[PDB]
Structures are given as structure tokens and as C-alpha cells.
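Single-letter residue listing:
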Amino acid sequence: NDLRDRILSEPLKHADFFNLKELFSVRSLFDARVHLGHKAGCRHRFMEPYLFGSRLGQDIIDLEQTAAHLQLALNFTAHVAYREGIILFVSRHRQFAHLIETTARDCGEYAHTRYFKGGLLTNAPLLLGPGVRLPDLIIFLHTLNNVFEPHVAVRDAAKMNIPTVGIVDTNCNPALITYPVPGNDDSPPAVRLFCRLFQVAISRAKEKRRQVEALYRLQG
Amino acid sequence: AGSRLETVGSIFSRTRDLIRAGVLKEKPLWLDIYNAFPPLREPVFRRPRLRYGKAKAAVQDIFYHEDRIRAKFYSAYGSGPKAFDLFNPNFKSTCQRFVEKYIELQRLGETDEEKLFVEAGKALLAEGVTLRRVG
Amino acid sequence: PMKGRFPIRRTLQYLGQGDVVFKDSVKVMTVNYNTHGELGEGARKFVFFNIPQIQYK
Amino acid sequence: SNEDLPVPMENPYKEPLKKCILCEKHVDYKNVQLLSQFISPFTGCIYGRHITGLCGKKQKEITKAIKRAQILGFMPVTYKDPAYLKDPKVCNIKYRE
Amino acid sequence: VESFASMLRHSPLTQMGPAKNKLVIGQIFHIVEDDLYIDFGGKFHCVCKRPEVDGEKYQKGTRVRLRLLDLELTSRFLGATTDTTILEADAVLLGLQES
RNA sequence: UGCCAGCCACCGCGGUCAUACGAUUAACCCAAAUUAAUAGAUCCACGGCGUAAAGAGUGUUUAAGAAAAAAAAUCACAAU
Ligand SMILES: [Mg+2]
Ligand SMILES: [Mg+2]
Ligand SMILES: [Mg+2]
Ligand SMILES: [Mg+2]
Ligand SMILES: [Mg+2]
Ligand SMILES: [Mg+2]
Ligand SMILES: [Mg+2]
Ligand SMILES: [Mg+2]
Ligand SMILES: [Mg+2]
Ligand SMILES: [Mg+2]
Ligand SMILES: [Mg+2]
Ligand SMILES: [Zn+2]
């Protein structure tokens, strides 16, 4: 019991505990197309401070800010993954649905990429089962649904006291998301990048869990 | 139960002060991790108000003097015969060659446009690129 | 009072708090001030604030 | 001290503003040919902007000109003059399909 | 350390400037009967209609010669807050990756 | 008793089963007073003016006020 509180309160005192710093760089995100947005017509008003500049009408995200955020993002994702909790990947994007689902099953993590039944999080017990435990962490690969509105699960998770980590694009509304990462949700090498980054963050977290649990078992 | 008001404040606020009154007797996981690493801004609900009047954006459009040269390169010859690739990280087309020839002709002390243009054009006719010369 | 742009000076308190009292010799007072300049600035400020206190007392 | 920053420059790639077929030309009511081109052959009607495709100024001058050529007696009201039916075709009207 | 703006500056997309009537090289990642989905690499893919000229040659992994018209397709419409994107770009198929 | 006799400050109650009427019974609240009627005290707007009551059919000036710097450029052409 005491040493359980040990095993949990240990990783919080070292910012680098999973060493995710090495997973990517400014160059990494740059060859990943991340820095590209939609047109300055389509731009969101809350996407101004994360933006860098308008190059001939096409917006450009700031990849130094992106790096700074994404750091905290994977930091958090890993940190819930070690603490043994649920993670759900949401996207409405049909291009990448298969990629994300494959990412989820391979993390041993959950994905809803499909039509989102309205009361899923709001009304769990009737929809999912008589009593149920709910995802501790949601992760958005897009903040949109195919009609270009904010995806429900933003609002819903926000209502359900759940943190959220997602990739905002030039046209998304960030304000209700826990940890945003400014970036490109539209282009394929980008989503592949993000898929694998989150994936690895997870794998590392669960590994460290197995090993520090082995340590806990050897200590006695 | 909890607080389902999405607007009122950041989930941190709602949760922390909820616990604080003793209504919620179980601390969630994410609350402790969040205490450890607070994110840049607190995720508080904001209303997407449109702008009226003389209020405009804060964005700085992106331009360099290189582009002031590329403008004339395109103005004369058109897009480069090498086509383009956005696959290759370090790729540089005919236009880039022209830009750097013009730069190294600029440190030479020639203030005149036609000199820089046509002599970087012969500087390009040396390296093996074909400038179509469109009217 | 809402209307007025410094309504705190239409308060009864603000009138009795501002302190200058005049001698028994002083009877008429003229304030001659200017509209446009940065050199008449504090004077117009004197009009817009203190004349109230003076006059009340 | 980072010299790779952006320049507060005006747009170099700025295109030339497009021009009406008469842009910086001049119209008088003494050439009935020019005025004929902008008129409907069978009717004697005056084509709108969406056909001629001229700026506001040049359209209004074309029109004032058509009227002034008509009442003084330079140009016929009820039809295009036969001589000019075979002139060059500016307008976007296809009558015959 | 490379400053980000430094990376932006020399990147092959900036050297292009306006996408208008550009010569671009691209690659096909996906096929439907008549329709080739072509990534030239900018952000969005464009789309093409397979020609009568060597129809069977354009395939999965095939590279093609694009004439880029618009970087991305967008316009604003009556009484709208923001515009409407096609999630596509406009490009023409010239020939296939002539080598 | 049965839209009858009546009752109420406002809403309203009585048309055959009325907790509103007349009379019981229980209760409630004032108390050597208690109710009714009439006057007071109190009560608008430091609010407002598209659709609700409210921006005069228009312009200028007198009185009377208010004020940092910018505050004269042209018809895309149909004032009188
Ligand atoms: Mg009767
Ligand atoms: Mg009875
Ligand atoms: Mg009563
Ligand atoms: Mg009774
Ligand atoms: Mg009052
Ligand atoms: Mg109003
Ligand atoms: Mg009245
Ligand atoms: Mg009026
Ligand atoms: Mg009047
Ligand atoms: Mg009247
Ligand atoms: Mg004023
Ligand atoms: Zn014109």
C-alpha cells in the first residue's frame, strides 16, 4: 500500500521520466507537413496566436510552439498510460480511419472512429451498460466532424470532466480542449507521424509500468 | 455527482474546488498528473465572437527580398523547367539558382537591375539551365 | 448616478471633502481658460473637478 | 538578431489589375461603329455590363454616347446599321444555337 | 540549431511562391476506376481523370507530371462566416513523369 | 340554496354533490377593542425611445451649450 503510493508518486518528480524529447524535433515536424494550414479565409479566430504567418494566402503554423505543446501532450498521454487508464482516439476523418484504428488496437488502446452516438459520454449507463468505467483520456486526431462543426466529443468530454489532447488545425476552435497541439490534421504524413508518436508514447509508458512493477516485486 | 457546466471554467477549477467542498470524495488520476504539469493555458470556455469595425487580424504575412527577385524571374521566364518537388527536403529549382546568383551579384556592388538580372542570367547560362525567355 | 463621465463628483461626499475655503474679502472669482493646447491641460482639469468643491464650500 | 525573419514588404507577386476592352481608350459619339459593337443587332438594345464587360465609367460613357449619337442623327435607334453587322464581335451573346 | 523560419525560407514550397500554372511532380497513392488521387506533396491531394493515352500505366506508386492551378480550392459564399474548403487542390495531368 | 338569494381588495365564487353564499361545527389571528369607508405617509425616469408608450417630414441659425491630433475631394455622372 505504502509502496504503491511510492510506485505512483515516483515518476511525477522527473519531467523526462519517459524521455520523449528524442522522439521528434522541429525538423521532424517540418518534413511532416505539420506547418501548413487552411486559407486565411477559413482561419479560426483563436488560431491567431499559434499561427506564424500568411504566405501568399496560405497560413503557416508555428512549429516551435507546436513542439512546446506536443511535448506536454505526449508527456501527459504517457503519464495517464502508466497510471493504467483508458484512452480513446476519436476522428471523423475517413481518409485515415483505418490508420487510427490500427494505431489503437496496437497500443492496446481504444478508438472510436465512426458516427458518434449523441449521448455516449453524457449517458453512458444506458448506452454502454448497467454500470461502466469511462475513458480517462480522449485524444483527437481532428477537432472536426464531416459537416465541419466541432466534434461532439470535445463538448462531451469537457462536460464529463475528462482531459483531452488533440491536433487543432487553422479552422478549429481550441478553447474547450485540455491540451491542444497546433498542427496539420489534413495531410497523410502528418497523421502517420502523430499516430506513431502517440503510439510510442503509450508503448513506453506501459513498458515502464511492467518494469517498475517488476522492481516493486523484487524489492520484497 | 459533479459539475457538467462546460462554460463555467477550466476542468481544473471545477474539479479542484468540487473536491474542496467534499462533494467528490475520490480524486481522479488526471487531476494529479495535471497538478504535476500544467499546460500553457487553462482550457476555459470562450465564445467565438466575430470581429466588427476596424478590428483586423494580428497575422504578419510572410515575405523576404528573395521573393522580390523571384517575382522578376517568374515575370520573365516563367516556372522552372526542372518542375518542382515538395518530396525532396533540400531541393532547389532554377528560381533558387537565380536568387543566389543575384545575391552574389548584389554583394558585388551593382545597384542596377538589368545588370544583376542579365548577368545572373548568363551566370545561369553557364551552369546548364535553360531560360525559355517568354514574352 | 450613472450618466455623466465622472459621476463621483456629483456625489455629496466629493463636495464636502475637497478643501479650499475662501476669505471674507473674496467675492467674485473669474476662471479664464483655454480649449486647445497641452498647456491649458491642468487648468481644464481644475475646472472639471475643483470648481465643484470651491463653489459648494 | 535572427536574419531569417519576414520582411514587412508589399506584395511582389501582385498581379496587374485587369482592364475593360476600352480601359484607357476614348469614346466619342462620332464613331457609330464602335457604338454599334455594343448594341444588339435585331433590337437596337444596349447590352448590360454582364455582356459587354466594361468598367462603370466606360459603360456609362458608352451609353451616354449611344443616346447622343441617336438623337443628333448619327445612329439608328431601332436596329444595328447593316454595314456594321459584319464587324468584329466583342460581346458574349450567342443568339443562334 | 536551425531556427524554424530558417527552415521555412529555403524549403522548396517557398521557392515556388504562387502555385499558379506551376510545374509540379507528384505521386499516386490511391486509385478508383477512372480517378487518380495524386499527392504532389503540398498539403491537400489533387484529383485526376485517367487519360486515353496509356491508361494502364498510371497506377499505385506511379509518379506523374502535374500542372498546378490552385494550391487549395476554396471560396466564400452568400451570408457565410467562414469559407468552404473542398479538401482538394486543383491540378492538371500533363504526362507521366517523363524520364 | 341550486347563475337563484347572495359574496370579493385582485383573481373570481354560485348552472344539484359550493371548503368563496346564509347557518352550524372545528380552527386562525387581533384583543377592550375589532372591521369597514375616506385621506395621508410610501409609490415613477440617473429608466427608456426598430418591432412594445417614445427620434418631430427636411435643413440652417438665435438662445444655450460641448471640444487632445485627423477633420476640401471630387461625380463613374439620374441635384435643382
Ligand atoms: Mg331559473
Ligand atoms: Mg348539498
Ligand atoms: Mg376570502
Ligand atoms: Mg361561509
Ligand atoms: Mg426608483
Ligand atoms: Mg434596443
Ligand atoms: Mg397615454
Ligand atoms: Mg427620421
Ligand atoms: Mg426640425
Ligand atoms: Mg406627421
Ligand atoms: Mg469631443
Ligand atoms: Zn476600364
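Draft legend 1. Structural context of the overall build of chain A. Along its length, chain A carries 7 helices and 8 strands. Over its C-alpha trace chain A gives a radius of gyration of 18 Å, about what one expects of a compact globule, namely 17 Å for 220 residues. In chain A, of all internal contacts separated by at least 6 residues, the share reaching a separation of at least 24 is 69%. Surface accessibility of chain A: about 9,500 Å² in total, with carbon and sulfur atoms responsible for 52%. Counting 27 positive and 22 negative side-chain charges, chain A places the centres of these two groups 3 Å from one another.

Draft legend 2. Molecular detail of the sheet that holds strand β5 (residues 110-112) of chain A. Residue and element names in this part refer to chain A. Strand order in the open sheet formed by 5 strands is β5-β4-β6-β7-β8, with parallel pairing between adjacent strands. What marks the edges here is a single partner per strand, and that holds for β5 and β8 (179-182). Mean inter-strand twist for the sheet, computed between neighbouring axes without regard to direction, equals 20 degrees. Bridge count between strand β7 (residues 164-168) and β8: 4 bridges; the pairing is parallel. Its bridge partner being in β8, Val168 is matched across the sheet by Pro182.

Draft legend 3. Representation of helix α4 (residues 94-106) of chain B in the model. With 13 residues, α4(B) should cover 18 Å at 1.5 Å per step; its first-to-last C-alpha distance of 18 Å lies within 8% of that length. On its buried face, α4(B) is in contact with α3 (65-76) and α5 (113-127) of chain B together with α1 (4-10) of chain E.

Draft legend 4. Layout of the interface of chain A and chain E. The partner chain E presents 26 residues to the 26 residues of chain A that form the contact. Roughly 2,100 Å² of surface becomes buried between chain A and chain E when both sides are summed, with 64% attributable to carbon and sulfur atoms. The tally of links from chain A across to chain E stands at 4 salt bridges. Taken together, the links from chain A to chain E amount to 7 residue pairs in polar contact. Secondary structure elements with two or more residues in the side of chain A that touches chain E: α2 (26-30), β1 (36-39), β2 (51-55), β3 (58-61) and α3 (63-82) of chain A. It is β1(A) that contributes the most residues to the side of chain A that touches chain E, 4 residues altogether. When the residues that make up the side of chain A that touches chain E are grouped by side-chain class, the tally is 10 nonpolar, 8 polar and 8 charged.

Draft legend 5. How the structure looks around the environment of D:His50. Within the secondary structure, D:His50 is located in helix α2 (residues 49-52). C-alpha of D:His50 to C-alpha of D:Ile93: the two residues are 43 residues apart in sequence and 9.8 Å apart in space.

Draft legend 6. Region of interest: the protein's contact with RNA strand F. Every residue near RNA strand F is listed here: C:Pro1, C:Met2, C:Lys3, C:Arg5, C:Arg10, C:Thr35, C:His36, D:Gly56, D:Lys57, D:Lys60 and D:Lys64. Counting only the atoms of RNA strand F within 4 Å of the protein, the fraction contributed by sugar and phosphate is 72%. C:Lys3 is positioned such that a nitrogen or oxygen atom in its side chain is 3.3 Å from a phosphate oxygen of RNA strand F. In the model, a sugar or linking oxygen of RNA strand F is placed 2.4 Å from a nitrogen or oxygen of the D:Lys57 main chain. Classifying every residue of the surface near RNA strand F by side-chain character gives 2 nonpolar, 3 polar and 6 charged.

Draft legend 7. Seen up close, the interface of chain B and chain A. Across the boundary between the two partners, chain B contributes 37 residues, which contact 37 residues of chain A. Between chain B and chain A lies a buried interface of about 3,400 Å² when both sides are counted; carbon and sulfur atoms form 61% of it. Notably, a salt bridge pairs A:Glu48 with B:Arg51, separated by 3.2 Å at the nearest N-O pair. For the pair chain B and chain A, the number of links is 10 residue pairs in polar contact.

Draft legend 8. Broad picture of the packing of aromatic side chains. By the definition in use, this model includes 22 aromatic pairs over all chains. With centroids separated by 4.9 Å and ring planes inclined at 45 degrees, the aromatic side chains of A:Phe76 and A:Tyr179 adopt a geometry described as tilted. Taken together, the residues span a long stretch of sequence, with A:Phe76 in helix α3 and A:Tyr179 in strand β8 at a distance of 103 residues. The burial state of A:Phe76 is the same as that of A:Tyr179; both residues are buried. Cluster of aromatic residues (ring-pair linked, three or more members): B:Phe73, B:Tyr74, B:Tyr77, B:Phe98, B:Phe117 and D:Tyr13. Here the basic side chain of E:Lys22 rests over the ring of B:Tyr74, its NZ or CZ set 3.2 Å away from the ring centre.

Draft legend 9. Inspection of empty space enclosed by the protein at higher detail. If you walk through the whole model with that rule in mind, you get 4 cavities of 30 Å³ or more. One number sums up the size of the largest cavity: a volume of about 180 Å³. When residues in the lining of the largest cavity are grouped by element, the largest group, 3 residues, is from β3(A). When its residues are assigned to classes, the lining of the largest cavity shows 7 nonpolar, 5 polar and 2 charged. Taken as a whole, the second largest cavity holds about 130 Å³ of empty space. Along its surface, the second largest cavity is lined by 14 residues, and A:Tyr50, A:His69, A:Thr178, A:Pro180 and B:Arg41 are the ones closest to its centre. Of all the elements in the fold, those that place two or more residues in the lining of the second largest cavity are α3 and β8 of chain A. Across the lining of the second largest cavity, the residue classes tally to 10 nonpolar, 2 polar and 2 charged.

What counts and how
- Residues numbered from 1 in each chain as written, not as in the entry; some residues may be left out.
- Chains lettered and ligands numbered in written order.
- Part of a larger assembly, values for the part shown.
- Heavy atoms only, no water.
- Helix = DSSP H or I, 4+ residues; strand = E, 2+ residues; numbered from the N terminus.
- Rg over C-alpha atoms; globule rule 2.2 N^0.38 Å.
- Contact = heavy atoms within 4.5 Å.
- Areas by Shrake-Rupley, 256 points an atom, 1.4 Å probe, with all protein chains shown as cover.
- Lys, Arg positive; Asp, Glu negative; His and termini not counted.
- Charge placed at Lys NZ, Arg CZ, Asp CG, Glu CD.
- Pairing = 2+ DSSP bridges.
- Axes fitted to C-alpha atoms, helices over the stretch in contact; angles between N-to-C directions.
- Expected span 1.5 Å × (residues − 1).
- Buried area = accessible area lost by both parts, 1.4 Å probe.
- Salt bridge = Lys/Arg side-chain N within 4 Å of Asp/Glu carboxyl O.
- Polar contact = N/O pair within 3.5 Å; in protein donor to acceptor, adjacent residues only side chain to side chain.
- Nonpolar A, V, L, I, M, F, W, Y, C, P; charged D, E, K, R; others polar.
- Near = heavy atom within 4 Å.
- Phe/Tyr/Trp six-rings, centres within 6.5 Å; stacked < 30°, edge-to-face > 60°.
- Buried < 20%, exposed > 50% of the residue type's maximum accessible area, 1.4 Å probe, protein only.
- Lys NZ or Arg CZ within 6 Å of the ring centre and 35° of its normal.
- 1 Å grid on protein atoms, 1.4 Å probe; cavity = no way out; pocket = protein on both sides within 12 Å on 5 of 7 lines; lining within 4 Å.
- Points joined across faces, edges and corners; volume = space filled by probe spheres on them.

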